[PDB]
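This document starts with one chain, in the form deposited in one PDB entry, laid out as structure tokens.
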């Protein structure tokens, strides 16, 4: 029996096998009756699908069937931790899962919800299939890197390093910049399914590839979207949210800025989290009625 990295047999859990023969752990939240729509939840770097329990329960409460998987190299899925052969693997695997759900629920509209790197994955998925998705909810999507981290000098130095020692790691991401809510920082720091090892050079290069690919995809993006962004985000720069609003061709695009908020808006100070849940609820409800 194939087992998760935590030694649990996949036969005990919801799962799928991707095109590379890797098992991905899956999570579902289905309503009691006929769903109004489907929504895939796309998590960020280093985290996993279980972090979306409360948001998913809210969406299921709106009669959507919510589905997710842990991206390769994350959570309870297989793969070396936080590495990927090419960023497109994440997009391909989302499309596999979406195609499987659409075959089981034909005719239902499908939405995407993505945070952080998961938001870049959602943008690239929707840009790969224009007109396929009904809408997207983006929570601090990866559109622009922190400008102090991604200078030309440092990107060229990382490309040189990647050519020699692709597995060399930097220090870990500073978890205190994820959220002003210190209880949520403590929860993040003690979740065994989160990867807090330093970012490997090779994966840093894939995240730079995601940024480059997102920029080229923006003029192909026509899907309706809700974009939520904190003004003090040190991981996905707020300028990227403004760039997405300017360059996406979508006729239905809305931005809400949370002044002073950090990166994980759905796990921020209660005033911010409650607003994020309310805005997503309203936006999805208006587009599923």
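Numbering follows the first chain given and starts at 1. The term rigid core refers to the maximal set of C-alpha atoms that superpose within 1.5 Å between the two forms.
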{"property": "Higher-scoring stretch by recorded Cα B factor average, 76-84 or 148-156", "result": "148-156"}
{"property": "Selected stretch [higher average CA B-factor]: 111-119 or 202-210", "result": "202-210"}
{"property": "Peak C-alpha temperature factor (PDB record), options 185, 136, 165, 94", "result": "165"}
{"property": "Identity of residue with top Cα B-factor, from 125, 190, 176, 140", "result": "176"}
{"property": "Third assignment of residue 62 from its chain's C-alpha B-factors", "result": "highest"}
{"property": "Where the record places residue 180 (Cα B-factor, split into thirds across the chain)", "result": "middle"}
{"property": "Record-listed C-alpha B factor of residue 244: chain third", "result": "middle"}
{"property": "Within-chain third of residue 44 by Cα B-factor, per the entry", "result": "lowest"}
{"property": "Residue 34 - Cα temperature factor, lowest/middle/highest third of chain", "result": "highest"}
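From this point on, the text means the form deposited in another entry, which you will not see here.
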item	value
From 83, 187, 197, 155, residue displaced between the shown form and the other one - CA threshold 2 Å or more, rigid core	155
Distance trend in the other entry - C-alpha atoms of residue 153 and residue 204, change of 3 Å or more	closer
Cα-Cα shift for residue 234 and residue 162, closer or farther in the other entry, minimum 3 Å	farther
